[PDB]
Structure formats: C-alpha cells, structure tokens
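Only one chain is included here, represented as structure tokens and corresponding to the form deposited in one PDB entry.
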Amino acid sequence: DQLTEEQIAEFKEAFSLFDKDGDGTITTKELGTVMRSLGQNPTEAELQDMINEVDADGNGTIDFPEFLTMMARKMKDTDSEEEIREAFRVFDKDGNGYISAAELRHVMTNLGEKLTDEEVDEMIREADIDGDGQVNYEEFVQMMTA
C-alpha cells in the first residue's frame, strides 16, 4: 500500500503527458493544451483555480507529489465537496456566490420533494448566522465537516 516502484513508474509516465517540457512542473498553458485536445476550451480564470486548488506552495507549480494529490480526488466516483458546488451554482447567478434568503426559501418549498415551512425556518436560521440577508453559499465547508 506504499506505492511500490512499478506503481510510481505508471504515475511517472502519466505525469509526462502534461509535462511536455520535461522540466518537472506543469504550467497553465501545458494543462490547457491537453484539455483543448479533449474538446474543451477553458479560460485562464477557469485554469487558475485548478492549480491553486492542488498547489500547496502558492507558486503556480504542480510537481510530482502534488500531481498525486490531484489524482486521488479525480479517481473518486463521487466527491461530496464538488457535488455540492454544482448544486448551488445552478441557482447562483451574477458570479458572486451569494444567495438571498428570499429565493432560498422559495426553491426549497416548491422545487423537488419540497421541505416544510418550519424546517426551512430552522435551516435559514442556521444558514443566516451573519444576519445580513446575503447568504454566501460557502456554508457547506463547515456543514460537511461535522
């Protein structure tokens, strides 16, 4: 379970696919080139949030030890972190990441299986801890932690 030499060799070969230059780091253009061959055209803003998601040194560099961490989340069938991301952005417009309590109460009582009024009141009370009314949907970071 300690990633024997043959197993590391397989990941070494996979790493060289993105790392065309052979220096040992994956740049934004190196990653973007691969995704363009697969039928995707992401912007530099979309690209930037992927490196720093896995990057730990804060230098825009993806070395071999960091490349392994990215694979672990990718090979997973379902990621509870990412699935909740896609749910909010369906109802989250303006690209700001904030949901008012007016729309949150409406969607949860009319769309889907529908909650009940006292449940959403408790949910909003727990969700709107700040009390400003603008509920940034990043509350799931502490919601799934427990």
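Throughout, rigid core stands for the largest set of C-alpha atoms superposing within 1.5 Å between the two forms. The numbering used is simple: start at 1 and walk along the sequence shown.
Omitted here: the form deposited in another entry. The next part is about that form.
K.L.:
When the rigid core of both forms is overlaid, which of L68, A87, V107, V54 is the one whose C-alpha moves 2 angstroms or more between the shown form and the other one?
P.N.:
It is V54; the other listed residues stay below 2 Å.
K.L.:
Superpose the two forms on their rigid core, then report whether the C-alpha of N96 is displaced by 2 angstroms or more between the shown form and the other one.
P.N.:
No; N96 is a residue whose C-alpha shifts by less than 2 Å between the shown form and the other one when the cores are overlaid.
K.L.:
If I superpose the two forms on their rigid core, does the C-alpha of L31 end up displaced by 2 Å or more between the shown form and the other one?
P.N.:
Yes; that C-alpha moves by at least 2 Å between the shown form and the other one.
K.L.:
Given a core-based superposition, decide whether the C-alpha of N41 shifts by 2 Å or more between the shown form and the other one.
P.N.:
Yes, its C-alpha moves 2 Å or more.
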